[PDB]
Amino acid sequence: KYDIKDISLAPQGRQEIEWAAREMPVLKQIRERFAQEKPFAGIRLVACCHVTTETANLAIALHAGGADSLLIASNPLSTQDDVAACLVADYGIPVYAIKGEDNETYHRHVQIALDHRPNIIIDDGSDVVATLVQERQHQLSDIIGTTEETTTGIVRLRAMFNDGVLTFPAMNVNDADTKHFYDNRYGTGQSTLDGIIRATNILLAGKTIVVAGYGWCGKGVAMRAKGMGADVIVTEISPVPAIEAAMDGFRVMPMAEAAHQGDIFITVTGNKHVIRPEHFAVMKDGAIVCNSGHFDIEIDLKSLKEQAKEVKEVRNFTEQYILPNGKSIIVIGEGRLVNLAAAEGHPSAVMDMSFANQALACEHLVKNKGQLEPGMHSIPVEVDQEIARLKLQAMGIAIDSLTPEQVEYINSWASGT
């Protein structure tokens, strides 16, 4: 069984997946080894991911390794229906994912996924792992381990750990060097603006753009907003990233001060209610708000809907809320990750490395079953470094190597004058 929009989209989905593969050579090399070695023979796997052409290439690599996989959507609005159709029709992979599905459907998919009795859970935001631990304690004996794709899910796993309920190994994929140094920064930077421009066709040049958060994602978004000619305001809660943002040329201020000035607001904090009613109240007429953090809770949309006297779709992915004072607030993507909701997410070039990490993390869990302590686990350095070497080579870039004389110099300490 499966639950998708339209099985007839599989031929289009097959073509989209092959296009995306053009820039996933590291994952393709992993798939080919998996086809030989079958690391997941006999393993049941659940993946809660954005159902995109990039996720399909990861699902196909796990299929080649022998995994009995079931895929559900990580977000109601990021699903690519033609991809879902292709995975069902061409690979026989159960997919429960419909673009635009409601909340009841999403939760029912999570339940169907746990009924698959997975041994490995690939999660993106930790919804499925949190549901497992809260509602399916009786299933924990099935678990070899889990993996977590994104920053928000890592925070949830720490909270699970500190609550004493992370009773199995969980691979921190997000914090691998070849994941958040490129995916979170360069990918979010391009695809966030992609989603905004597809939604609105607004000229970014000459606009004031407010980026909440200056971590890996915020650095990318601010960098690319600036590259497209915007005046960039950064907000923060920590002084180290705040100083960095100033020395990168951006204006740093509290959100209450930014709210008067922004034309476009982008949240990338991983936090709740970063943009609040006290902020909507002072925004310019026609201000655009959107979110590129994992959950929409970064913008208090519930309060906006309550205050507004009217909402209407004015363009694809674009809603205009009209406030009782007659001013309007424009929301893109209903507050969901704008790159995936209004565009196609990150280019496959960065997802190659992110999903290479996912594939090898799953292999790590199986090859080390019964030898990993419960709790969080970093990607092994050798694996992280090998992904980077292979990606650099596939990009056609050559670099230098240390000579034996340089190796000797590093190990020396008496010399230097």
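A residue's number is simply how far along the shown sequence it sits, counting from 1.
On average the C-alpha atoms of 134-142 have higher B-factors than those of the other stretch, with 134-142 and 260-268 being the two compared.
According to the PDB record, 114-122 carries the higher mean C-alpha B-factor of the two stretches 213-221 and 114-122.
Per the deposited coordinates, the residue with the largest Cα temperature factor out of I196, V331, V234, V165 is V165.
Each of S191, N184, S303, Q80 has a CA temperature factor in the record; the biggest one is found at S303. In the deposited entry, the Cα temperature factor of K99 sits in the middle third of values across the chain's modelled residues.
Compared with the other modelled residues of the chain, the Cα B-factor recorded for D175 ranks in the middle third. Among the modelled residues of the chain, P76 sits in the highest third by CA temperature factor in this PDB entry. When the CA B factors of the chain's modelled residues are split into thirds, the value for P347 lands in the lowest one. In this PDB entry, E18 carries a Cα temperature factor that places it within the middle third of its chain's modelled residues.
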